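Below is one structure; the comments refer to it alone.
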Amino acid sequence: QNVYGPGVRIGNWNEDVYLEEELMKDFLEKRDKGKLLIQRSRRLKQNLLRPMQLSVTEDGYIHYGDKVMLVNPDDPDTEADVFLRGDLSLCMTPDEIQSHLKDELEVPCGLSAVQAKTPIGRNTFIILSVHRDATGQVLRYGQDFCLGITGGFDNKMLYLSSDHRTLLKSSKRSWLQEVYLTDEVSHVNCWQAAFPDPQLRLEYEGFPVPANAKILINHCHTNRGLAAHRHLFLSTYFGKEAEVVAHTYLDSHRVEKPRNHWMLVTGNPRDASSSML
Amino acid sequence: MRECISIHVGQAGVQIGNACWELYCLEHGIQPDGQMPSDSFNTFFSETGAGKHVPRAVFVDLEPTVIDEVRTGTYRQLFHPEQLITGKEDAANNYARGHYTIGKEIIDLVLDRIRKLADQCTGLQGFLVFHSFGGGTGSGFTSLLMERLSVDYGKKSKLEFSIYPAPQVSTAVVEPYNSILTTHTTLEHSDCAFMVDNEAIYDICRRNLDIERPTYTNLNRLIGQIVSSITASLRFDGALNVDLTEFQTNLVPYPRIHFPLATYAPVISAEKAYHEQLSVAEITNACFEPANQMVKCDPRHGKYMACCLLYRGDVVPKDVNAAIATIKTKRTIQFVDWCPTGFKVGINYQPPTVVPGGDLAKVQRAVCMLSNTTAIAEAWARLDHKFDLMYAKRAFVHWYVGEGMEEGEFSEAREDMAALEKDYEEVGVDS
Amino acid sequence: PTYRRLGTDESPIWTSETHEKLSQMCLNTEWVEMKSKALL
Amino acid sequence: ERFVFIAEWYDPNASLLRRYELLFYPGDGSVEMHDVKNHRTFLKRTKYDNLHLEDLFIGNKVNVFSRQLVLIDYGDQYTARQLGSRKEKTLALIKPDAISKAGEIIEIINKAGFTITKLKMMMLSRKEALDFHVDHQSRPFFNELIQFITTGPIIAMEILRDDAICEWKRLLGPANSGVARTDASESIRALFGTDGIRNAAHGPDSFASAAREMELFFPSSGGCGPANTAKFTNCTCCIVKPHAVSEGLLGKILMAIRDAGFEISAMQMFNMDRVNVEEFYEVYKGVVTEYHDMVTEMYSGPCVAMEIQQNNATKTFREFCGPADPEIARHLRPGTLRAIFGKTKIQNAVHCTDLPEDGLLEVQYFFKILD
Amino acid sequence: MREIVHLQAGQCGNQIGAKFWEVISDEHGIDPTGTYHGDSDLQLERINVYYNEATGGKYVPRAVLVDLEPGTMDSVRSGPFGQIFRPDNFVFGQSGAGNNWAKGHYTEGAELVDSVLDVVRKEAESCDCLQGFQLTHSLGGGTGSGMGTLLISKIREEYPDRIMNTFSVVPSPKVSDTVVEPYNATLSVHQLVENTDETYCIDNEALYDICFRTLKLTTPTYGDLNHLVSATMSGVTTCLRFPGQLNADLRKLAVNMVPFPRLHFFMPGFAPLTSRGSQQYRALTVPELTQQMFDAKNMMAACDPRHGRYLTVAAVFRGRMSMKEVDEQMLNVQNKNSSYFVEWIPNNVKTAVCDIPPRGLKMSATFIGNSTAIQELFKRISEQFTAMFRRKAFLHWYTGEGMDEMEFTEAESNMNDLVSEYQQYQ
Amino acid sequence: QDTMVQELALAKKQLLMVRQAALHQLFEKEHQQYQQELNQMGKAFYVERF
Ligand SMILES: Nc1nc2c(ncn2[C@@H]2O[C@H](COP(=O)(O)OP(=O)(O)OP(=O)(O)O)[C@@H](O)[C@H]2O)c(=O)[nH]1
Ligand SMILES: Nc1nc2c(ncn2[C@@H]2O[C@H](COP(=O)(O)OP(=O)(O)O)[C@@H](O)[C@H]2O)c(=O)[nH]1
Ligand SMILES: [Mg+2]
């Protein structure tokens, strides 16, 4: 009736020792053929979390080709009961099943919001022209530009994209229009920046966008603004992130809600790692 | 998703529900505030849009003396304001006050709260009623609540957690009248009735648990541990899960017999489990000993009918089957001849959790044994003898007759339990 | 040492059983497992 | 005469914190123990040789019969009056300008008698550095001072002695280097100082200030303090043993390492548990003659862990340490650390990693996982 | 929530109520000014039971004070705790009762009850849910036995459902302080047995016996005798106002103690008593409370329980305590003293538990006891009443004011039937 | 998670075997070197045969 464990020469011990030896053999042959799960997912997180530098604006104007970050501001929201606080940032996010299984990044990758202020490999965006070969030119209100993210990979460039909703392709939680990342070049990658004030929108159309200011991002093929939801959370391998959709929110005065506001955050001149905020 | 409604009635019900919902909160990691620091909780904790969980229990009492302690103590923010129902005047240890005059005015509010809580239950398993025989509220109000619940809700399961009078000591004088008059009523409108007392838990906590000076909290924590081990199959995952319907079906052969006995193993302190080996054989031969049952009656006098074992923790079915075979080989346990297969088994993975400042040690495996026996007729015969020896001289009868009932209810309540005694010997006769 | 009280005027008494038991249950000497830090 | 201390032990077999009363009679060096919650005797009046009166202070882990006891408070007013009024506490801070000069400072401290309880090498970032500089908000030279703090690594030490504040201020002397040189001769600042801004040392002046500095550097609440300066590349591990620390040759070990030319990028103080000692020495289990004696010498007292950055100036650090046996070292390689600071084979006062391939795991067990 | 309306009449009832309203002013931490000076928060949760809220945070008692003579109001209003009682709650006449039951029940108490009934009915409807009534008077006097038992009939015909409780000062043979006192004691017993649910008979000789051997007082004045009585009323309603483990209000006690409607005569006891030099040595423990509680010299009535048989026994515990020691101590005294209890009612003992002990103390227990041996007390009155009635002594103070002699011939008949009623169940 | 714990435990076991196997050879080689260096001066390591 007595049991002693894995050291004592009592009862049936030899068969247990043979189980340990065959498990060692199976581990060794899996090591030799390289099917171990510990060897797979090292490089992807390293390239996603490697630090990056940001651009410095001489005149405070958003220029083409500069390295910027997308930051949603902090604003107290009455309509939400449980919601995140502080300034959010837009970051790429693969699915956790894909992160476990495939070492290579897959298309499309989701978008989310993380409370992070330092630039990392997940959230450094380059503002690019739609007809290309344009560098050092002022980005103006009501124009076309693309937000290319390398993701820590020099080989591939990915564009923010969002198409018209169907009965099969929608967001995970809100079931609204959703935004993803695909490498294909089309018109669904072009985004448009506008002034928040509706009365001064048409007057400020065509002026250079200043850095670190509140602007709205609108897709040209939809005119649904990029928005971040705080009362619905996405649980991923990186933790708890906020949902990002493409929808226009208007109050009773028909002005845009603080969900739609965004800043193109640039870097500090003294320290490249620290941002302007 | 599967969920049950807890109804605690009386001072015993409230002071058991305190130490029971404490264990539920600690098992699911629910703070006394009401928020989980971070779906198995949905069996007892209903969600809210703010991430706040509220229980599916109803506390009822005709005096606010203990409900105000609930509303004032550590768990004030957790329970609903309307899930704790109070009256102004107590039943004063009277079945007539509990059933006809004082217990008739708040039954509408209690039924409304039961209906409101049952409407949000997507799939309801049944009701568990925690009460005491020896109290006026816990007899009369529970009887009328059982009647109205059986009229309204048709075929839901009804399980009883009933505090029965101890054979030697008790806390009242008119508890034979109360016990007779409520056991006459609750026979037809109940499905199963787990029975406990106080002297058996006193003896257990003295001999096994090594404190010479116990308390109602020490009793109530063991009762809550037993209830949690009963509902652990619905709450968590295991090899073989039991249900309320399953051990309602698997424990009672006849509609007039719904009286098991509850036993729990192991009960031990933190000092002694450090040294004693806790094996499946020892925790299953702990239950079958007469010194470890929580009803002061000896099963060597009677014959078993059915048994249901619930195992939790690092347990293996091979050793479970070997221990059950050893139990079947051992002779001093007798069984009725018409039940050749007497055992039910349920398996759960999670080992039991202990409370800070607690008394039981942190164990790896545990077992709860619910066994139908014929050796409750002995205690019922003693209570019937006490009832006759009181009723011969017409003592304490004017209190009952001046508040609503007539005098024939006593005669009917004795005659029906005499018939149930006759049915006990008829079932116990070998074929 | 007419008496004005039937004792020696102690005051440790102002607490209740249920509240005091639940208070010790909420706050006591915290025991948690301290897992040994492995090499790998 | 007896001294009573309540002690806490974590029971690994059941995971409970258990409080006992440990009673020490210093006339014969005898220990007795009783149980608090059970009110019964736990251990007879037994003459235990390893435990001394110098090891009895709050925050110390003493190994009584293979149990680690952490003394939490004074037992009664008698031991409070006898010990707490005498033993006092202060904080020693070594500035980045004298990191290479730290060995002489520690050695002069050990002559002065200040018992080191916790030692750490750390780098302050801007937030905790500004929290450090709160009293200096009058801005004499605030930006230069905060830059001087944030450039290099600092050393934080806890030192116990009677009249600790007064004696440490006497050793430090005036803050200005030239003023200290004129006023005194043997001051630490005067001996190893450059100017007023770089005084090479610091210390609190009042009890509340010392408590605030304690809560700033070493959080007793449970929060993580400032990190170390472990680089985790091209380095090996070294251990200064409890007997060497208690004897007071730590400063001589640091000076000998500096004279050899090896660079110590990080170092700190541990008071390790026997489970960690066995997990560390399971590789030596069964391959050396004396395993249990090395384990006991490792967990008997406080350990000092160092990351030695191999500059390959002369040879390997193992070759500098020399043979394991002190007599073999004294007869073959008389210039080695074990030949200088070793008395028997069990206690050699310096431990060095034997396998060159294990340097990364050796540093990462101490300064990454145990950090 | 459950408000207790205290009543007192006569000279003795006024002086007991002056001491009773002192100890629960101490227990609830109420100063003689009228405000609250306490430290805990358990004192204020149930304070409307005994005290009425007013403006400025002033609490006043829900008590009335009645006597036909204004002599005893002056000592009450000028006592240590005299400023708390409301001035409108003193009802006084100008002519004293003078140890005659007829003056208190037919002539001088005839018009005084109309002013009291205005005061009582105002405080009766002020309660949200009235628990019942409580009274303290003297049988050997004129006002307490005269008007007090006249009010008992008049309150009972108004609110029949509410419980009535009585704390009586029954006479004494050797400590007799009145000549004509068997008349006033006999004629009030008839007015008690019909309109009362609980009667606590307190006698004057047993209190002098307790303070001599147990508290060892040299000069046991009335302030010492009233205080042991004053501790009893606090210990019986202790669960109506404080949290506990097993509550027992006034209706809970009457259900267990009273099997038959005429068996409502108790005899009380208070468990923890010891002198100042014996306080620091005797360890106050639950076995020590149990042993002292059942003693014959411990009781507050002039009856020996060894000559009778207990019908039902109640015990209300106070303080922090376990219950296993309580359950086996009540069981051990029931097993060993099997001849001291009746055999037709099993489980003669009722137990109740509270949390808060009395102030200055750590554990306490109040004994309420229904015993057959109360008829020994009533036989001494009845044998004295016949010796006076056979010679028609002192009757011209009674039949000369408007009273028939039939009330004398009938009150001996009811008292004779009750003492023969206890004797059957012995 | 548990699979990763199992694989890490097996890897630690194999690392312990490899480290012991190397440390044996290192200790024996250094013992031989010390024996030769002692015999150079004229003293020898002590081993008893009684
Ligand atoms: N095991 C256990 N039994 C209890 C507890 N509290 C009360 N009881 C039982 O309850 C009985 C007394 O009845 P109560 O529950 O206090 O009162 P009640 O049932 O509401 O009846 P009334 O007071 O007339 O309204 C005692 O005899 C105890 O056996 C408890 O906390 N644990
Ligand atoms: N124990 C006690 N007895 C008292 C007190 N005051 C009066 N008595 C007794 O009451 C008896 C006299 O009662 P009496 O004043 O005539 O009653 P009344 O006429 O109704 O006011 C005396 O025999 C006293 O012993 C008191 O404060 N305590
Ligand atoms: Mg009740």
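The way I read the labels, and the way they are meant: chains A, B, ... in the order of the structure tokens, residue 1 as the first residue of every chain, and ligand 1 as the first ligand shown, with later ones counted on from there.
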Q | Exercise: residue 155 (chain E) partners within 10 Å, only C-alpha atoms, chain neighbours under 3 positions left out, as a VMD selection string | A | chain E and resid 117 120 to 121 133 149 to 152 158 to 160 162 164 195
Could you turn the residues from that selection into a file that holds N, CA and C atoms, as a compact mmCIF listing (two decimals), in the first residue's frame?
# COMPACT_ATOMS: atom_id res chain seq x y z
N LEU E 117 -52.88 57.22 30.82
CA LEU E 117 -53.27 56.62 29.54
C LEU E 117 -53.10 57.58 28.38
N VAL E 120 -49.22 57.23 27.92
CA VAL E 120 -48.82 55.93 27.39
C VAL E 120 -49.22 55.79 25.92
N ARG E 121 -50.44 56.20 25.58
CA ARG E 121 -50.92 56.07 24.20
C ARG E 121 -50.16 56.98 23.25
N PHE E 133 -44.55 45.39 26.60
CA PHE E 133 -44.51 46.22 27.79
C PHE E 133 -43.71 45.54 28.88
N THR E 149 -51.51 47.39 39.22
CA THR E 149 -52.32 46.30 38.71
C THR E 149 -53.64 46.79 38.12
N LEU E 150 -54.00 48.05 38.36
CA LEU E 150 -55.13 48.64 37.64
C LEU E 150 -54.73 49.02 36.22
N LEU E 151 -53.49 49.49 36.04
CA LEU E 151 -52.99 49.79 34.70
C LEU E 151 -52.80 48.52 33.88
N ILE E 152 -52.39 47.43 34.54
CA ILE E 152 -52.14 46.16 33.85
C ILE E 152 -53.41 45.65 33.18
N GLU E 158 -56.37 47.10 25.77
CA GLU E 158 -56.09 47.96 24.62
C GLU E 158 -55.27 47.23 23.56
N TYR E 159 -54.09 46.73 23.94
CA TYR E 159 -53.26 45.95 23.03
C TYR E 159 -53.14 44.53 23.56
N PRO E 160 -53.98 43.59 23.10
CA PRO E 160 -53.91 42.22 23.63
C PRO E 160 -52.74 41.42 23.11
N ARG E 162 -49.58 42.32 22.33
CA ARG E 162 -48.25 42.63 22.83
C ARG E 162 -47.97 41.89 24.13
N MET E 164 -46.65 41.14 27.86
CA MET E 164 -46.57 41.85 29.13
C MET E 164 -45.57 41.14 30.04
N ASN E 195 -53.73 38.68 33.28
CA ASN E 195 -53.34 39.72 32.34
C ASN E 195 -51.84 39.81 32.11
(Q) Among region 44-187 of chain D, which residues does DSSP mark as alpha helix (DSSP H) when it is run on the backbone? Keep the chain and numbering as in the structure and answer as number ranges by chain. (A) D: 77-79, 102-112, 126-132, 142-151, 164-172, 177-183
Q: Compile the contact shell of region 51-65 of chain D as a PyMOL selection string: residues with an atom at most 9 Å away, counting only C-alpha atoms, same-chain residues fewer than 2 positions apart removed.
A: chain D and resi 5+24+26+29-31+48-49+67-74+83-84+87+117+271+299-302
Output file for the selection above: N, CA and C atoms, as a PDB file, in the first residue's frame:
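out-v9.pdb, freshly written:
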ATOM      1  N   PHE D   5      13.617  36.732  20.433  1.00  0.00           N
ATOM      2  CA  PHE D   5      13.280  37.260  19.119  1.00  0.00           C
ATOM      3  C   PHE D   5      12.210  36.388  18.484  1.00  0.00           C
ATOM      4  N   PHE D  24      17.945  33.245  23.089  1.00  0.00           N
ATOM      5  CA  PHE D  24      19.389  33.077  23.063  1.00  0.00           C
ATOM      6  C   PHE D  24      19.977  33.491  24.402  1.00  0.00           C
ATOM      7  N   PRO D  26      23.456  34.278  25.971  1.00  0.00           N
ATOM      8  CA  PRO D  26      24.818  34.542  25.485  1.00  0.00           C
ATOM      9  C   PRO D  26      25.924  34.139  26.444  1.00  0.00           C
ATOM     10  N   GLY D  29      26.110  30.729  24.919  1.00  0.00           N
ATOM     11  CA  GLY D  29      25.754  30.612  23.514  1.00  0.00           C
ATOM     12  C   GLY D  29      24.728  29.536  23.236  1.00  0.00           C
ATOM     13  N   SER D  30      23.676  29.463  24.046  1.00  0.00           N
ATOM     14  CA  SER D  30      22.704  28.380  23.962  1.00  0.00           C
ATOM     15  C   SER D  30      21.367  28.894  23.444  1.00  0.00           C
ATOM     16  N   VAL D  31      20.701  28.088  22.621  1.00  0.00           N
ATOM     17  CA  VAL D  31      19.448  28.490  21.996  1.00  0.00           C
ATOM     18  C   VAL D  31      18.317  27.590  22.476  1.00  0.00           C
ATOM     19  N   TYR D  48      24.505  25.724  20.492  1.00  0.00           N
ATOM     20  CA  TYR D  48      24.696  25.752  19.049  1.00  0.00           C
ATOM     21  C   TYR D  48      25.867  26.675  18.743  1.00  0.00           C
ATOM     22  N   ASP D  49      26.912  26.121  18.125  1.00  0.00           N
ATOM     23  CA  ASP D  49      28.175  26.840  17.981  1.00  0.00           C
ATOM     24  C   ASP D  49      28.139  27.902  16.888  1.00  0.00           C
ATOM     25  N   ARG D  67      16.944  25.214   9.291  1.00  0.00           N
ATOM     26  CA  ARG D  67      15.798  26.088   9.076  1.00  0.00           C
ATOM     27  C   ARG D  67      16.286  27.526   9.001  1.00  0.00           C
ATOM     28  N   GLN D  68      15.826  28.259   7.994  1.00  0.00           N
ATOM     29  CA  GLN D  68      16.179  29.663   7.856  1.00  0.00           C
ATOM     30  C   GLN D  68      15.141  30.503   8.587  1.00  0.00           C
ATOM     31  N   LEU D  69      15.583  31.248   9.596  1.00  0.00           N
ATOM     32  CA  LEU D  69      14.708  32.090  10.398  1.00  0.00           C
ATOM     33  C   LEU D  69      15.027  33.550  10.120  1.00  0.00           C
ATOM     34  N   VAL D  70      13.991  34.333   9.842  1.00  0.00           N
ATOM     35  CA  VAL D  70      14.113  35.761   9.578  1.00  0.00           C
ATOM     36  C   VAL D  70      13.575  36.493  10.798  1.00  0.00           C
ATOM     37  N   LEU D  71      14.469  37.144  11.537  1.00  0.00           N
ATOM     38  CA  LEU D  71      14.076  37.860  12.742  1.00  0.00           C
ATOM     39  C   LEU D  71      13.284  39.104  12.359  1.00  0.00           C
ATOM     40  N   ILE D  72      12.086  39.248  12.924  1.00  0.00           N
ATOM     41  CA  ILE D  72      11.183  40.310  12.516  1.00  0.00           C
ATOM     42  C   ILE D  72      11.084  41.437  13.540  1.00  0.00           C
ATOM     43  N   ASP D  73      11.148  41.138  14.836  1.00  0.00           N
ATOM     44  CA  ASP D  73      10.958  42.160  15.858  1.00  0.00           C
ATOM     45  C   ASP D  73      11.591  41.722  17.173  1.00  0.00           C
ATOM     46  N   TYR D  74      11.680  42.672  18.100  1.00  0.00           N
ATOM     47  CA  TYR D  74      12.216  42.402  19.425  1.00  0.00           C
ATOM     48  C   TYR D  74      11.189  41.668  20.276  1.00  0.00           C
ATOM     49  N   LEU D  83      19.582  46.103  22.959  1.00  0.00           N
ATOM     50  CA  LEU D  83      20.141  46.005  21.615  1.00  0.00           C
ATOM     51  C   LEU D  83      19.771  47.167  20.699  1.00  0.00           C
ATOM     52  N   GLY D  84      18.500  47.586  20.677  1.00  0.00           N
ATOM     53  CA  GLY D  84      18.081  48.606  19.731  1.00  0.00           C
ATOM     54  C   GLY D  84      18.681  49.970  20.003  1.00  0.00           C
ATOM     55  N   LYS D  87      22.687  49.363  18.778  1.00  0.00           N
ATOM     56  CA  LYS D  87      22.908  49.170  17.351  1.00  0.00           C
ATOM     57  C   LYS D  87      22.147  50.212  16.539  1.00  0.00           C
ATOM     58  N   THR D 117      25.232  44.833   5.623  1.00  0.00           N
ATOM     59  CA  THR D 117      24.118  43.894   5.557  1.00  0.00           C
ATOM     60  C   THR D 117      23.600  43.682   4.147  1.00  0.00           C
ATOM     61  N   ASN D 271      21.375  36.653   0.272  1.00  0.00           N
ATOM     62  CA  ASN D 271      21.290  35.784   1.438  1.00  0.00           C
ATOM     63  C   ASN D 271      20.419  34.616   0.989  1.00  0.00           C
ATOM     64  N   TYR D 299      25.372  28.293   2.231  1.00  0.00           N
ATOM     65  CA  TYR D 299      24.151  28.867   2.795  1.00  0.00           C
ATOM     66  C   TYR D 299      24.310  29.278   4.257  1.00  0.00           C
ATOM     67  N   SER D 300      25.520  29.178   4.823  1.00  0.00           N
ATOM     68  CA  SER D 300      25.712  29.563   6.220  1.00  0.00           C
ATOM     69  C   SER D 300      25.516  31.057   6.452  1.00  0.00           C
ATOM     70  N   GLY D 301      25.854  31.899   5.478  1.00  0.00           N
ATOM     71  CA  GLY D 301      25.729  33.326   5.657  1.00  0.00           C
ATOM     72  C   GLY D 301      25.545  34.092   4.362  1.00  0.00           C
ATOM     73  N   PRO D 302      25.885  35.380   4.378  1.00  0.00           N
ATOM     74  CA  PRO D 302      25.658  36.215   3.195  1.00  0.00           C
ATOM     75  C   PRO D 302      26.709  35.986   2.121  1.00  0.00           C
TER      76      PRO D 302
END
Q | Selection as a ChimeraX atom specification: residues within 8 Å of ligand 2 by only C-alpha atoms and all ligand atoms | A | /E:9-16,67,97-99,137-146,169,171,175-178,203-204,207,222-223,225-226,229
Could you write those residues out with N, CA and C atoms, as a tab-separated table (two decimals), in the first residue's frame?
chain	number	residue	atom	x	y	z
E	9	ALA	N	-44.18	52.08	38.94
E	9	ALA	CA	-45.17	52.66	39.83
E	9	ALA	C	-44.72	52.48	41.28
E	10	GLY	N	-45.25	53.34	42.15
E	10	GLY	CA	-44.95	53.25	43.56
E	10	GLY	C	-43.61	53.87	43.91
E	11	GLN	N	-43.20	53.64	45.16
E	11	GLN	CA	-41.89	54.11	45.60
E	11	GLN	C	-40.79	53.15	45.18
E	12	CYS	N	-41.04	51.84	45.31
E	12	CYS	CA	-40.03	50.85	44.95
E	12	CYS	C	-39.79	50.81	43.45
E	13	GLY	N	-40.86	50.88	42.65
E	13	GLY	CA	-40.70	50.87	41.21
E	13	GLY	C	-39.96	52.07	40.68
E	14	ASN	N	-40.13	53.23	41.33
E	14	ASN	CA	-39.41	54.43	40.91
E	14	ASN	C	-37.92	54.32	41.20
E	15	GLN	N	-37.56	53.72	42.34
E	15	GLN	CA	-36.15	53.62	42.70
E	15	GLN	C	-35.43	52.53	41.92
E	16	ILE	N	-36.12	51.45	41.55
E	16	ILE	CA	-35.52	50.45	40.67
E	16	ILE	C	-35.33	51.02	39.27
E	67	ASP	N	-46.67	57.82	40.58
E	67	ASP	CA	-46.91	57.61	42.00
E	67	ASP	C	-47.95	58.61	42.47
E	97	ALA	N	-51.14	56.91	48.74
E	97	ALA	CA	-51.96	55.71	48.80
E	97	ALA	C	-52.06	55.15	50.22
E	98	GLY	N	-50.97	55.19	50.98
E	98	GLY	CA	-51.00	54.79	52.38
E	98	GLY	C	-51.27	53.32	52.65
E	99	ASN	N	-50.65	52.42	51.88
E	99	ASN	CA	-50.67	50.97	52.12
E	99	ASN	C	-52.09	50.39	52.10
E	137	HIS	N	-42.82	47.15	39.98
E	137	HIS	CA	-43.62	47.72	41.04
E	137	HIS	C	-43.43	46.89	42.31
E	138	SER	N	-44.18	47.24	43.35
E	138	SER	CA	-44.13	46.55	44.63
E	138	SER	C	-45.52	46.08	45.01
E	139	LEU	N	-45.62	44.82	45.44
E	139	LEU	CA	-46.90	44.28	45.88
E	139	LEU	C	-47.26	44.69	47.30
E	140	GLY	N	-46.27	44.96	48.15
E	140	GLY	CA	-46.53	45.28	49.54
E	140	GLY	C	-46.94	46.71	49.82
E	141	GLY	N	-47.00	47.55	48.79
E	141	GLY	CA	-47.32	48.95	48.96
E	141	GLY	C	-48.74	49.29	48.53
E	142	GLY	N	-49.00	50.59	48.46
E	142	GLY	CA	-50.32	51.06	48.09
E	142	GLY	C	-50.44	51.47	46.64
E	143	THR	N	-49.48	52.27	46.15
E	143	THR	CA	-49.54	52.74	44.77
E	143	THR	C	-49.15	51.64	43.78
E	144	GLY	N	-48.09	50.89	44.09
E	144	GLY	CA	-47.61	49.89	43.15
E	144	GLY	C	-48.59	48.74	42.97
E	145	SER	N	-49.14	48.23	44.07
E	145	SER	CA	-50.12	47.15	43.98
E	145	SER	C	-51.51	47.66	43.66
E	146	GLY	N	-51.82	48.89	44.06
E	146	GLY	CA	-53.12	49.46	43.77
E	146	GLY	C	-53.27	49.91	42.33
E	169	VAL	N	-42.05	42.82	43.41
E	169	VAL	CA	-41.38	42.75	44.70
E	169	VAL	C	-42.34	42.04	45.65
E	171	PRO	N	-43.63	39.87	48.97
E	171	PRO	CA	-43.31	40.13	50.38
E	171	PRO	C	-42.35	39.10	50.97
E	175	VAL	N	-38.40	39.96	56.87
E	175	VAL	CA	-37.89	41.27	56.48
E	175	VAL	C	-39.15	42.10	56.22
E	176	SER	N	-40.21	41.78	56.96
E	176	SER	CA	-41.49	42.45	56.79
E	176	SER	C	-41.40	43.90	57.26
E	177	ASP	N	-41.83	44.82	56.40
E	177	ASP	CA	-41.78	46.25	56.69
E	177	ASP	C	-43.16	46.90	56.60
E	178	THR	N	-44.22	46.10	56.70
E	178	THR	CA	-45.59	46.60	56.57
E	178	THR	C	-46.50	45.66	57.35
E	203	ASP	N	-37.66	39.01	45.57
E	203	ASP	CA	-38.02	39.16	46.97
E	203	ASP	C	-36.88	39.85	47.70
E	204	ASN	N	-37.22	40.54	48.79
E	204	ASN	CA	-36.27	41.40	49.47
E	204	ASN	C	-35.27	40.64	50.33
E	207	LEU	N	-31.97	39.07	48.36
E	207	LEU	CA	-30.95	40.01	47.91
E	207	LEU	C	-29.99	40.36	49.04
E	222	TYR	N	-29.94	50.15	49.65
E	222	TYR	CA	-30.85	49.92	48.53
E	222	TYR	C	-30.18	50.14	47.18
E	223	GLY	N	-29.12	50.96	47.13
E	223	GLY	CA	-28.39	51.12	45.89
E	223	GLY	C	-27.62	49.88	45.48
E	225	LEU	N	-28.89	46.75	46.46
E	225	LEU	CA	-29.94	45.77	46.20
E	225	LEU	C	-30.60	46.01	44.85
E	226	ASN	N	-30.79	47.28	44.48
E	226	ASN	CA	-31.43	47.59	43.20
E	226	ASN	C	-30.52	47.25	42.03
E	229	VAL	N	-30.85	43.72	40.83
E	229	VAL	CA	-32.09	43.69	40.08
E	229	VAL	C	-31.91	44.39	38.73
Q.
Quick one: residues within 9 Å of region 3-8 of chain C, only C-alpha atoms, excluding same-chain residues fewer than 3 positions away - as a PyMOL selection string?
A. chain E and resi 23+224+227+272-274+276+279+358-362
Q: Compute the set of protein, DNA and RNA residues whose minimum atom distance to ligand 3 is at most 8 Å, using only C-alpha atoms and all ligand atoms, and state it as a PyMOL selection string.
A: (chain B and resi 10-11+61-63+90-93+135-138) or (chain E and resi 247)
**Q.** Residues near residue 9 (chain F), cut-off 12 Å, only C-alpha atoms, skip fewer than 5 positions along chain, as a PyMOL selection string
**A.** (chain A and resi 23-24+27) or (chain C and resi 38-40) or (chain F and resi 2-4+14-16)
Q.
Report, in Å to a single decimal, how far apart CA of residue 285 (chain B) and CA of residue 1 (chain A) are.
A. 13.7 Å
Q) Given a cut-off of 9 Å, which residues of chain F touch chain C, counting only C-alpha atoms, written out as a ChimeraX atom specification? A) /F:8-9,11-12
Q | Shell around region 262-266 of chain D at 10 Å using only C-alpha atoms, local window under 3 positions removed, as a ChimeraX atom specification | A | /D:99-100,120-122,153,155,228-232,235-238,254,256-259,305-317,320,363,367
